[PDB]
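What follows is a set of notes on a single structure, which appears directly below.
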Amino acid sequence: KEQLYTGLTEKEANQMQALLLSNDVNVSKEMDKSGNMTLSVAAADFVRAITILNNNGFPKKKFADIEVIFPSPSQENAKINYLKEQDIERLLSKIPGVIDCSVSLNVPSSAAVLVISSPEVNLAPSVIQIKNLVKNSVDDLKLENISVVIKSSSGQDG
Amino acid sequence: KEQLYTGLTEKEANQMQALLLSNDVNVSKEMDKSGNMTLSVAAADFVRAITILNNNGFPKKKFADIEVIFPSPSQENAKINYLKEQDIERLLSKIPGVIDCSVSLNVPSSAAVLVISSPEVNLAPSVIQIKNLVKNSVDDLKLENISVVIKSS
Amino acid sequence: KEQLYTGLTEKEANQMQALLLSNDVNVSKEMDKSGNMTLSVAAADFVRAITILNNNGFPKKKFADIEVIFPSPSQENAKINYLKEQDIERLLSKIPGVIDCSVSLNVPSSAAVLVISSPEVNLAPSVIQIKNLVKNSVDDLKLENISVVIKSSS
Amino acid sequence: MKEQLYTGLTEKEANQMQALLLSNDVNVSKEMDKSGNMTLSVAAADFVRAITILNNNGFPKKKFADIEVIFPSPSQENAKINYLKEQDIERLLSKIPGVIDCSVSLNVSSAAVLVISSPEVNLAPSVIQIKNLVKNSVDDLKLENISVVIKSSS
C-alpha cells in the first residue's frame with residue numbers, strides 16, 4: 001500500500017475516497033487518534049489515483065484568511081466588506097439547489113457572484129432573483145455591475 | 001537505495017513520485033519523524049530521476065511571502081491588494097475544471113489571471129465568464145485591461 | 001578523493017552530482033549530521049569537475065538580499081517592487097514547462113523577464129501571453145517596454 | 001616535505017587555485033581546518049613554480065569595498081538602491097545557460113555589463129537580448145548607452 005494523504009478532515013477524505021472508488025481504484029481509509037483520516041491505495045493504482053485527484057483539484061488548496069492577514073480605516077472596511085460577502089453567501093446558500101457560493105464585492109459598486117448547483121438542478125431561472133438579492137444587500141450597486149455565473153458541480157457541460 | 005529528497009509536503013512528494021513512476025523509475029516513499037516525506041530511488045536510476053525531476057521543476061522553488069516582507073499606507077494597501085487577489089483565486093478555484101490559479105492585481109486598474117485547468121476539461125470557452133468575474137471583483141477595472149491565460153496542467 | 005563542496009542543500013548537491021555523472025565524472029556524496037551534503041571526486045577528475053561545474057553556474061552565487069540591505073519612501077518602494085517581482089515570478093512559474101524565472105521591474109514603467117524552460121517544452125509560442133500577463137500585473141506598463149527572453153536549460 | 005601555500009580560503013577559491021595548479025602541472029594537496037576553511041599545500045620543491053602560477057593569475061584574489069561597510073541620507077540611499085538593482089540584474093543574467101560570472105555597474109544614464117562565458121557556449125547572438133533585459137530593468141536607459149562585453153573563461 002502507498003500512502004496518499006494523512007491529516008484529512010472527514011469531508012475531504014470522504015470526497016476523495018468516493019471519487020477514487022467510483023473510478024474503480026482500490027482505496028483504504030484509516031482514522032488516527034485525533035479522528036483525522038489517512039487514505040492509501042494499492043501501489044499498482046498509485047499513478048492513476050494521483051491523476052484522478054489532481055484532475056479534480058484534490059486536496060483542496062487553502063487561501064489567505066482575512067483574520068490572519070489582519071489579526072485602521074482601510075483594515076476596518078475590509079472586515080466590513082468581508083462580513084457583507086459572507087452574509088450574502090449565507091443567504092444565497094439557502095436557495096434549494098445551491099451547494100456552494102462565492103461573492104466578491106467592490107464597494108459605483110460592483111459584485112462577482114459564483115454559484116455552484118446540484119447537478120440535478122438548473123438555477124438559470126433564479127439568476128434574476130439572485131441578482132436582485134445581491135443588489136439590495138449592498139450599498140450603491142446596480143444590476144449591470146453584478147456578474148452571476150452558475151455551474152453544476154458535475155462540470156462545465158452540466 | 002539512495003535518498004533523493006527529504007522534507008517534502010505530501011502533495012509534492014506524490015507529484016514527484018507519480019512523475020517518476022510514469023517514466024518507469026521505481027521509487028519508494030516514507031514519512032520521517034517530523035511528518036515530512038522522503039523519496040528514494042535505486043542508485044542506478046539516480047541520474048535519470050534527477051533529470052526527470054529537474055525538467056519538471058521539482059522540487060518547486062518558493063517565492064517571497066508578503067507576511068515576511070511586511071510582518072504604513074503603502075504596506076497596508078499591499079496587504080489589501082493581496083487579500084483581493086486571494087479572494088479572487090478562492091472564487092475562481094470553485095469553477096469546475098480549475099486546478100490552480102494565480103491573480104496579480106494592479107489597483108485605471110489592470111489584472112493578470114493564469115488559470116491551470118484539468119487536462120480533461122476545456123476552459124477556453126469560459127475565458128469571458130472568468131474575465132467578467134474578475135472585472136466586477138475589483139475597483140475600476142475594465143475588460144480590456146484583464147489578461148486571462150488558460151493552460152492545461 | 002578530493003572534496004568539491006560541503007554544506008550543500010539536497011537540490012544543489014543532486015543537480016551537481018547528476019551533471020558530473022552525466023559527463024563521466026566519478027563523484028561521490030556524503031551527508032553530514034545537519035542533513036547537508038558533501039561532494040567529492042577522484043583527484044584525476046578534479047580539474048574537469050571544476051570546469052564542468054563552473055561552466056554550468058555551480059555552485060550558485062549568493063546575491064544581495066533586499067531584507068539585509070534594508071532591514072523611507074525609497075526603501076518602501078523597493079520592497080513593494082520586490083513583492084511584485086516575486087508575485088509575477090510565482091504566477092509565471094505555474095506555466096507548464098517553466099523551470100526558472102526572473103523578473104526585474106522598473107516602476108513609464110519597464111520590465112525584464114527571463115524564463116528558463118524545460119528542454120522538452122517549446123515556450124516560444126507563449127511569449128505574447130507572458131508579455132500580456134506581465135503588462136497587466138504592473139502599474140503603467142506598455143508591451144513595447146517589456147522584454148521576455150526564453151532560454152532552454154539545454 | 002610539504003609546504004603550505006595558503007590557509008583561510010573559501011571552498012570556491014581553493015578549488016579555483018587547486019584546479020589552476022593541477023592544470024599547470026603542479027601537484028597540490030588540500031585540507032579543511034577546524035574553522036571550516038581550506039588550506040592548500042605543495043611538495044616543497046614545487047613551491048616557487050606554484051607561487052609563480054598563482055601570482056600570474058592574481059591568487060589569492062584581492063577583495064573590494066563592500067557598500068555595507070562604507071555605508072553601515074539620500075545620496076547613501078540611492079547608492080544602496082542602485083546596488084540592489086545591479087545585484088538583481090546579475091542574478092537574472094546568471095541564469096542564462098553558459099554564463100559563468102557577470103558584473104553590472106549602473107550609472108542612473110548608462111550601464112556596463114561584463115559576462116564571463118563557458119568556452120562551450122556562444123553567447124554573442126544573445127548580446128541584443130542581454131542589452132534589452134538590462135535596458136528594461138533600469139530607469140531611463142537606452143540601448144546605445146549599454147556596454148555588453150562577453151569574454152570566455154579561456
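Ordering of the C-alpha cells sets the chain letters (A, B, ...), residue numbers begin anew at 1 in every chain, and ligands are numbered from 1 in the order given.
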Using DSSP on the backbone, list every residue of range 52-103 of chain B that comes out as strand (DSSP E or B), and give them as an mmCIF file with N, CA, C and O atoms, in the first residue's frame.
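Output file out_3.cif follows:
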```
data_model
loop_
_atom_site.group_PDB
_atom_site.id
_atom_site.type_symbol
_atom_site.label_atom_id
_atom_site.label_comp_id
_atom_site.auth_asym_id
_atom_site.auth_seq_id
_atom_site.Cartn_x
_atom_site.Cartn_y
_atom_site.Cartn_z
ATOM 1 N N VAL B 98 -11.005 24.032 -12.848
ATOM 2 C CA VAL B 98 -9.857 24.818 -12.393
ATOM 3 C C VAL B 98 -9.099 24.019 -11.350
ATOM 4 O O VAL B 98 -9.698 23.610 -10.365
ATOM 5 N N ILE B 99 -7.794 23.804 -11.545
ATOM 6 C CA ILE B 99 -6.999 23.094 -10.540
ATOM 7 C C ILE B 99 -5.886 23.935 -9.926
ATOM 8 O O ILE B 99 -5.302 23.566 -8.906
ATOM 9 N N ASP B 100 -5.602 25.082 -10.530
ATOM 10 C CA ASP B 100 -4.706 26.064 -9.933
ATOM 11 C C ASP B 100 -4.994 27.416 -10.578
ATOM 12 O O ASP B 100 -5.551 27.482 -11.657
ATOM 13 N N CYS B 101 -4.647 28.494 -9.887
ATOM 14 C CA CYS B 101 -4.995 29.855 -10.308
ATOM 15 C C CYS B 101 -4.006 30.811 -9.656
ATOM 16 O O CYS B 101 -3.633 30.619 -8.496
ATOM 17 N N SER B 102 -3.576 31.827 -10.399
ATOM 18 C CA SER B 102 -2.825 32.944 -9.851
ATOM 19 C C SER B 102 -3.438 34.231 -10.352
ATOM 20 O O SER B 102 -3.745 34.337 -11.522
ATOM 21 N N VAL B 103 -3.586 35.215 -9.461
ATOM 22 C CA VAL B 103 -4.082 36.536 -9.825
ATOM 23 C C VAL B 103 -3.073 37.567 -9.322
ATOM 24 O O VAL B 103 -2.657 37.529 -8.164
#
```
Pull the closest atom pair for each residue of chain B that gets at most 8 Å from chain A, along with the distance in Å to one decimal, counting only C-alpha atoms, ordering rows by chain and then ascending residue number, as a Markdown table.
```
| residue | atom | partner | partner_atom | distance |
| --- | --- | --- | --- | --- |
| B:10 | CA | A:5 | CA | 6.4 |
| B:11 | CA | A:5 | CA | 7.8 |
| B:14 | CA | A:4 | CA | 7.1 |
| B:15 | CA | A:50 | CA | 7.4 |
| B:18 | CA | A:47 | CA | 5.1 |
| B:21 | CA | A:47 | CA | 7.2 |
| B:22 | CA | A:47 | CA | 7.1 |
| B:67 | CA | A:69 | CA | 7.7 |
| B:76 | CA | A:75 | CA | 7.8 |
| B:79 | CA | A:69 | CA | 7.2 |
| B:80 | CA | A:78 | CA | 7.5 |
| B:83 | CA | A:64 | CA | 6.7 |
| B:86 | CA | A:63 | CA | 5.9 |
| B:87 | CA | A:104 | CA | 7.0 |
| B:88 | CA | A:104 | CA | 7.2 |
| B:89 | CA | A:63 | CA | 7.7 |
| B:90 | CA | A:63 | CA | 6.3 |
| B:91 | CA | A:102 | CA | 5.6 |
| B:94 | CA | A:116 | CA | 8.0 |
| B:95 | CA | A:151 | CA | 7.2 |
| B:96 | CA | A:155 | CA | 5.1 |
| B:97 | CA | A:56 | CA | 7.0 |
| B:98 | CA | A:57 | CA | 7.2 |
| B:99 | CA | A:57 | CA | 4.8 |
| B:100 | CA | A:57 | CA | 7.8 |
| B:117 | CA | A:55 | CA | 8.0 |
| B:118 | CA | A:55 | CA | 4.8 |
| B:119 | CA | A:55 | CA | 7.0 |
| B:120 | CA | A:55 | CA | 7.4 |
| B:121 | CA | A:156 | CA | 7.7 |
| B:129 | CA | A:149 | CA | 7.1 |
| B:132 | CA | A:147 | CA | 6.5 |
| B:133 | CA | A:112 | CA | 5.0 |
| B:134 | CA | A:112 | CA | 7.2 |
| B:136 | CA | A:111 | CA | 5.1 |
| B:137 | CA | A:104 | CA | 5.2 |
| B:138 | CA | A:106 | CA | 5.4 |
| B:139 | CA | A:106 | CA | 5.8 |
```
Can you write out the residues you just picked, keeping C-alpha atoms, as an mmCIF file, in the first residue's frame?
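Wrote again32.cif, looks like this:
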```cif
data_model
loop_
_atom_site.group_PDB
_atom_site.id
_atom_site.type_symbol
_atom_site.label_atom_id
_atom_site.label_comp_id
_atom_site.auth_asym_id
_atom_site.auth_seq_id
_atom_site.Cartn_x
_atom_site.Cartn_y
_atom_site.Cartn_z
ATOM 1 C CA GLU B 10 2.630 15.099 0.967
ATOM 2 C CA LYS B 11 1.253 16.725 -2.211
ATOM 3 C CA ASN B 14 3.007 12.485 -4.539
ATOM 4 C CA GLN B 15 3.506 14.575 -7.681
ATOM 5 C CA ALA B 18 3.838 9.727 -9.777
ATOM 6 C CA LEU B 21 6.719 6.041 -11.745
ATOM 7 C CA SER B 22 5.159 7.125 -15.055
ATOM 8 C CA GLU B 67 3.840 38.447 5.544
ATOM 9 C CA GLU B 76 -1.499 48.424 4.198
ATOM 10 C CA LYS B 79 -1.992 43.696 2.126
ATOM 11 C CA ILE B 80 -5.458 44.815 0.955
ATOM 12 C CA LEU B 83 -6.403 39.851 0.171
ATOM 13 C CA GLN B 86 -6.589 35.636 -2.711
ATOM 14 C CA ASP B 87 -10.378 36.206 -2.660
ATOM 15 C CA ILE B 88 -10.472 36.082 -6.463
ATOM 16 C CA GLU B 89 -8.280 32.959 -6.562
ATOM 17 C CA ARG B 90 -10.599 31.326 -3.996
ATOM 18 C CA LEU B 91 -13.677 32.142 -6.103
ATOM 19 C CA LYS B 94 -14.555 26.727 -7.350
ATOM 20 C CA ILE B 95 -15.160 26.741 -11.127
ATOM 21 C CA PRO B 96 -15.304 23.096 -12.327
ATOM 22 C CA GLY B 97 -12.068 22.222 -14.127
ATOM 23 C CA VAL B 98 -9.857 24.818 -12.393
ATOM 24 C CA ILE B 99 -6.999 23.094 -10.540
ATOM 25 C CA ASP B 100 -4.706 26.064 -9.933
ATOM 26 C CA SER B 117 -7.200 23.501 -15.969
ATOM 27 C CA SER B 118 -7.612 19.784 -15.676
ATOM 28 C CA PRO B 119 -6.318 18.222 -18.918
ATOM 29 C CA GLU B 120 -9.799 16.695 -19.287
ATOM 30 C CA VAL B 121 -11.756 19.979 -19.100
ATOM 31 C CA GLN B 129 -17.005 34.481 -17.763
ATOM 32 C CA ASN B 132 -16.275 39.276 -16.027
ATOM 33 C CA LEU B 133 -15.971 37.774 -12.573
ATOM 34 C CA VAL B 134 -12.572 39.388 -12.115
ATOM 35 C CA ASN B 136 -16.570 43.034 -11.037
ATOM 36 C CA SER B 137 -14.491 41.979 -8.025
ATOM 37 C CA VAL B 138 -12.073 44.908 -8.256
ATOM 38 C CA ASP B 139 -12.319 48.703 -8.223
#
```
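With only C-alpha atoms as the basis for measurement, C:131 is the residue among C:131, C:33, C:62, C:151 that approaches chain B most closely.
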Requested in this report: Report as a list in words the set of chain C residues whose atoms approach chain D to within 6 Å, with distances computed over only C-alpha atoms.
Outcome: residues 47, 54, 55, 57, 63, 64, 102, 104, 105, 106, 110, 111, 112 and 147 of chain C
Output of the above residues as a CSV table (one decimal), in the first residue's frame, restricted to N, CA, C and O atoms:
```
chain,number,residue,atom,x,y,z
C,47,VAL,N,40.1,18.6,-12.0
C,47,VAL,CA,40.1,19.8,-12.9
C,47,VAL,C,38.9,19.8,-13.8
C,47,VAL,O,38.2,20.8,-14.0
C,54,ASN,N,31.8,25.0,-13.1
C,54,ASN,CA,31.9,26.5,-13.4
C,54,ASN,C,31.1,26.8,-14.6
C,54,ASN,O,30.4,27.8,-14.6
C,55,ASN,N,31.2,26.0,-15.6
C,55,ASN,CA,30.5,26.2,-16.9
C,55,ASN,C,29.0,26.2,-16.8
C,55,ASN,O,28.3,26.8,-17.6
C,57,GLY,N,27.4,27.2,-13.9
C,57,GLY,CA,27.0,28.1,-12.9
C,57,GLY,C,26.9,27.6,-11.5
C,57,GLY,O,26.3,28.2,-10.6
C,63,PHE,N,23.5,36.6,-4.0
C,63,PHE,CA,23.4,38.0,-4.4
C,63,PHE,C,22.7,38.7,-3.3
C,63,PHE,O,22.1,38.1,-2.4
C,64,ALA,N,22.8,40.0,-3.3
C,64,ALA,CA,22.3,40.9,-2.3
C,64,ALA,C,20.8,40.6,-2.0
C,64,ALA,O,20.0,40.5,-2.9
C,102,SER,N,13.1,34.9,-13.7
C,102,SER,CA,13.5,36.1,-13.1
C,102,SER,C,12.8,37.3,-13.7
C,102,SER,O,12.6,37.4,-14.9
C,104,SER,N,12.7,41.6,-13.3
C,104,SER,CA,13.2,42.9,-12.8
C,104,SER,C,12.3,44.0,-13.3
C,104,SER,O,12.2,44.2,-14.5
C,105,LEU,N,11.7,44.7,-12.4
C,105,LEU,CA,10.8,45.8,-12.7
C,105,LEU,C,11.4,47.1,-12.4
C,105,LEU,O,12.1,47.4,-11.4
C,106,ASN,N,11.1,48.1,-13.3
C,106,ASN,CA,11.4,49.5,-13.2
C,106,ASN,C,10.0,50.2,-13.2
C,106,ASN,O,9.5,50.5,-14.3
C,110,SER,N,9.1,49.9,-17.1
C,110,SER,CA,9.5,48.8,-18.0
C,110,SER,C,9.7,47.5,-17.2
C,110,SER,O,9.7,47.6,-15.9
C,111,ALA,N,9.9,46.4,-17.9
C,111,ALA,CA,10.1,45.1,-17.2
C,111,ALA,C,11.0,44.2,-18.0
C,111,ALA,O,10.9,44.2,-19.2
C,112,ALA,N,11.8,43.5,-17.3
C,112,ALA,CA,12.7,42.5,-17.9
C,112,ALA,C,12.3,41.1,-17.3
C,112,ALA,O,12.2,41.0,-16.0
C,147,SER,N,10.7,43.2,-22.0
C,147,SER,CA,11.5,42.2,-22.6
C,147,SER,C,11.2,40.8,-22.0
C,147,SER,O,11.3,40.7,-20.8
```
Query raised in the report: Taking only C-alpha atoms into account, which of B:126, B:38, B:17, B:6 comes nearest chain C?
Result: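 Of B:126, B:38, B:17, B:6, the one nearest chain C is B:6, counting only C-alpha atoms.
Going from CA of residue 102 in chain D over to CA of residue 123 in chain D, you cover 12.8 Å.
Going from CA of residue 125 in chain D to CA of residue 132 in chain C covers 25.5 Å.
Computed from the coordinates, the CA of residue 119 in chain C to CA of residue 153 in chain B distance equals 17.3 Å.
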Counting only C-alpha atoms, which residues in chain C sit no more than 7 Å from chain B? For each one, give the nearest pair of atoms and the distance in Å, sorted by chain then residue number, as JSON lines.
```
{"residue": "C:10", "atom": "CA", "partner": "B:5", "partner_atom": "CA", "distance": 6.5}
{"residue": "C:18", "atom": "CA", "partner": "B:47", "partner_atom": "CA", "distance": 5.2}
{"residue": "C:83", "atom": "CA", "partner": "B:64", "partner_atom": "CA", "distance": 6.7}
{"residue": "C:86", "atom": "CA", "partner": "B:63", "partner_atom": "CA", "distance": 5.8}
{"residue": "C:87", "atom": "CA", "partner": "B:104", "partner_atom": "CA", "distance": 6.9}
{"residue": "C:90", "atom": "CA", "partner": "B:63", "partner_atom": "CA", "distance": 6.3}
{"residue": "C:91", "atom": "CA", "partner": "B:102", "partner_atom": "CA", "distance": 5.5}
{"residue": "C:95", "atom": "CA", "partner": "B:151", "partner_atom": "CA", "distance": 6.9}
{"residue": "C:96", "atom": "CA", "partner": "B:153", "partner_atom": "CA", "distance": 6.5}
{"residue": "C:97", "atom": "CA", "partner": "B:56", "partner_atom": "CA", "distance": 6.8}
{"residue": "C:99", "atom": "CA", "partner": "B:57", "partner_atom": "CA", "distance": 4.6}
{"residue": "C:118", "atom": "CA", "partner": "B:55", "partner_atom": "CA", "distance": 4.9}
{"residue": "C:119", "atom": "CA", "partner": "B:55", "partner_atom": "CA", "distance": 6.9}
{"residue": "C:129", "atom": "CA", "partner": "B:149", "partner_atom": "CA", "distance": 6.9}
{"residue": "C:132", "atom": "CA", "partner": "B:147", "partner_atom": "CA", "distance": 6.3}
{"residue": "C:133", "atom": "CA", "partner": "B:112", "partner_atom": "CA", "distance": 4.9}
{"residue": "C:136", "atom": "CA", "partner": "B:111", "partner_atom": "CA", "distance": 5.0}
{"residue": "C:137", "atom": "CA", "partner": "B:104", "partner_atom": "CA", "distance": 5.2}
{"residue": "C:138", "atom": "CA", "partner": "B:106", "partner_atom": "CA", "distance": 5.6}
{"residue": "C:139", "atom": "CA", "partner": "B:106", "partner_atom": "CA", "distance": 5.9}
```
Query raised in the report: Any idea what's packed within 10 Å of residue 53 in chain C, counting only C-alpha atoms, ignoring anything in its chain fewer than 6 positions away? Could you give it as number ranges by chain?
Result: C: 4, 16-17, 19-20, 59-60; D: 100
Report task. Select from range 68-125 of chain A everything DSSP, run on the backbone, classes as alpha helix (DSSP H), then give the selection as a list in words. Result ->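 Assigned to alpha helix (DSSP H), within range 68-125 of chain A: residues 68, 69, 73, 74, 75, 76, 77, 78, 79, 80, 81, 82, 83, 84, 85, 86, 87, 88, 89, 90, 91 and 92 of chain A.
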Those same residues, written as a PDB file, in the first residue's frame with N, CA, C and O atoms?
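Saved the output as again.pdb:
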```pdb
ATOM      1  N   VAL A  68      -6.033  36.308   9.583  1.00  0.00           N
ATOM      2  CA  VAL A  68      -4.588  36.115   9.700  1.00  0.00           C
ATOM      3  C   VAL A  68      -3.825  37.320   9.154  1.00  0.00           C
ATOM      4  O   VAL A  68      -2.903  37.805   9.804  1.00  0.00           O
ATOM      5  N   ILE A  69      -4.204  37.800   7.969  1.00  0.00           N
ATOM      6  CA  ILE A  69      -3.598  38.998   7.372  1.00  0.00           C
ATOM      7  C   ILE A  69      -3.791  40.236   8.265  1.00  0.00           C
ATOM      8  O   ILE A  69      -2.886  41.058   8.387  1.00  0.00           O
ATOM      9  N   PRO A  73      -8.760  52.577   9.376  1.00  0.00           N
ATOM     10  CA  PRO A  73      -9.903  52.727   8.462  1.00  0.00           C
ATOM     11  C   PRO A  73      -9.983  51.701   7.322  1.00  0.00           C
ATOM     12  O   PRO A  73     -11.042  51.117   7.106  1.00  0.00           O
ATOM     13  N   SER A  74      -8.893  51.499   6.593  1.00  0.00           N
ATOM     14  CA  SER A  74      -8.916  50.595   5.440  1.00  0.00           C
ATOM     15  C   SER A  74      -9.024  49.131   5.862  1.00  0.00           C
ATOM     16  O   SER A  74      -9.625  48.326   5.155  1.00  0.00           O
ATOM     17  N   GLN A  75      -8.427  48.797   7.000  1.00  0.00           N
ATOM     18  CA  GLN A  75      -8.495  47.452   7.564  1.00  0.00           C
ATOM     19  C   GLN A  75      -9.921  47.146   8.052  1.00  0.00           C
ATOM     20  O   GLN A  75     -10.459  46.057   7.830  1.00  0.00           O
ATOM     21  N   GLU A  76     -10.516  48.124   8.725  1.00  0.00           N
ATOM     22  CA  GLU A  76     -11.890  48.009   9.199  1.00  0.00           C
ATOM     23  C   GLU A  76     -12.849  47.771   8.057  1.00  0.00           C
ATOM     24  O   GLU A  76     -13.732  46.921   8.140  1.00  0.00           O
ATOM     25  N   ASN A  77     -12.683  48.558   7.006  1.00  0.00           N
ATOM     26  CA  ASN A  77     -13.538  48.484   5.845  1.00  0.00           C
ATOM     27  C   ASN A  77     -13.397  47.134   5.127  1.00  0.00           C
ATOM     28  O   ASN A  77     -14.364  46.642   4.569  1.00  0.00           O
ATOM     29  N   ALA A  78     -12.195  46.552   5.139  1.00  0.00           N
ATOM     30  CA  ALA A  78     -12.005  45.226   4.521  1.00  0.00           C
ATOM     31  C   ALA A  78     -12.770  44.177   5.312  1.00  0.00           C
ATOM     32  O   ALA A  78     -13.319  43.244   4.733  1.00  0.00           O
ATOM     33  N   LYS A  79     -12.801  44.337   6.637  1.00  0.00           N
ATOM     34  CA  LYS A  79     -13.519  43.413   7.505  1.00  0.00           C
ATOM     35  C   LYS A  79     -15.033  43.579   7.344  1.00  0.00           C
ATOM     36  O   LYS A  79     -15.759  42.590   7.318  1.00  0.00           O
ATOM     37  N   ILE A  80     -15.495  44.821   7.210  1.00  0.00           N
ATOM     38  CA  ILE A  80     -16.908  45.097   6.941  1.00  0.00           C
ATOM     39  C   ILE A  80     -17.333  44.505   5.585  1.00  0.00           C
ATOM     40  O   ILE A  80     -18.417  43.940   5.459  1.00  0.00           O
ATOM     41  N   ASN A  81     -16.486  44.655   4.569  1.00  0.00           N
ATOM     42  CA  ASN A  81     -16.759  44.102   3.245  1.00  0.00           C
ATOM     43  C   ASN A  81     -16.847  42.589   3.292  1.00  0.00           C
ATOM     44  O   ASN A  81     -17.704  41.996   2.655  1.00  0.00           O
ATOM     45  N   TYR A  82     -15.943  41.978   4.043  1.00  0.00           N
ATOM     46  CA  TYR A  82     -15.879  40.525   4.169  1.00  0.00           C
ATOM     47  C   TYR A  82     -17.123  39.999   4.866  1.00  0.00           C
ATOM     48  O   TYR A  82     -17.738  39.019   4.423  1.00  0.00           O
ATOM     49  N   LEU A  83     -17.526  40.668   5.941  1.00  0.00           N
ATOM     50  CA  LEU A  83     -18.789  40.326   6.594  1.00  0.00           C
ATOM     51  C   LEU A  83     -19.979  40.379   5.646  1.00  0.00           C
ATOM     52  O   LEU A  83     -20.831  39.489   5.684  1.00  0.00           O
ATOM     53  N   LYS A  84     -20.071  41.420   4.819  1.00  0.00           N
ATOM     54  CA  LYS A  84     -21.137  41.510   3.845  1.00  0.00           C
ATOM     55  C   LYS A  84     -21.068  40.364   2.833  1.00  0.00           C
ATOM     56  O   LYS A  84     -22.080  39.748   2.534  1.00  0.00           O
ATOM     57  N   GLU A  85     -19.879  40.079   2.317  1.00  0.00           N
ATOM     58  CA  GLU A  85     -19.723  38.953   1.388  1.00  0.00           C
ATOM     59  C   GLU A  85     -20.233  37.643   2.012  1.00  0.00           C
ATOM     60  O   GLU A  85     -20.953  36.861   1.356  1.00  0.00           O
ATOM     61  N   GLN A  86     -19.858  37.416   3.263  1.00  0.00           N
ATOM     62  CA  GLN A  86     -20.261  36.214   3.998  1.00  0.00           C
ATOM     63  C   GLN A  86     -21.755  36.172   4.251  1.00  0.00           C
ATOM     64  O   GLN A  86     -22.376  35.111   4.122  1.00  0.00           O
ATOM     65  N   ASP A  87     -22.347  37.329   4.576  1.00  0.00           N
ATOM     66  CA  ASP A  87     -23.784  37.426   4.773  1.00  0.00           C
ATOM     67  C   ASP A  87     -24.550  37.092   3.490  1.00  0.00           C
ATOM     68  O   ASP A  87     -25.583  36.427   3.524  1.00  0.00           O
ATOM     69  N   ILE A  88     -24.045  37.549   2.345  1.00  0.00           N
ATOM     70  CA  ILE A  88     -24.704  37.277   1.069  1.00  0.00           C
ATOM     71  C   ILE A  88     -24.550  35.807   0.686  1.00  0.00           C
ATOM     72  O   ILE A  88     -25.500  35.181   0.241  1.00  0.00           O
ATOM     73  N   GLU A  89     -23.363  35.253   0.896  1.00  0.00           N
ATOM     74  CA  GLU A  89     -23.133  33.822   0.671  1.00  0.00           C
ATOM     75  C   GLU A  89     -24.077  32.990   1.541  1.00  0.00           C
ATOM     76  O   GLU A  89     -24.672  32.028   1.062  1.00  0.00           O
ATOM     77  N   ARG A  90     -24.223  33.378   2.799  1.00  0.00           N
ATOM     78  CA  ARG A  90     -25.066  32.649   3.741  1.00  0.00           C
ATOM     79  C   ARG A  90     -26.502  32.626   3.254  1.00  0.00           C
ATOM     80  O   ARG A  90     -27.160  31.588   3.296  1.00  0.00           O
ATOM     81  N   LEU A  91     -26.980  33.781   2.789  1.00  0.00           N
ATOM     82  CA  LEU A  91     -28.349  33.941   2.290  1.00  0.00           C
ATOM     83  C   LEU A  91     -28.559  33.138   1.007  1.00  0.00           C
ATOM     84  O   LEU A  91     -29.490  32.334   0.902  1.00  0.00           O
ATOM     85  N   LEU A  92     -27.675  33.307   0.032  1.00  0.00           N
ATOM     86  CA  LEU A  92     -27.825  32.608  -1.242  1.00  0.00           C
ATOM     87  C   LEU A  92     -27.727  31.096  -1.066  1.00  0.00           C
ATOM     88  O   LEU A  92     -28.332  30.342  -1.816  1.00  0.00           O
TER      89      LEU A  92
END
```
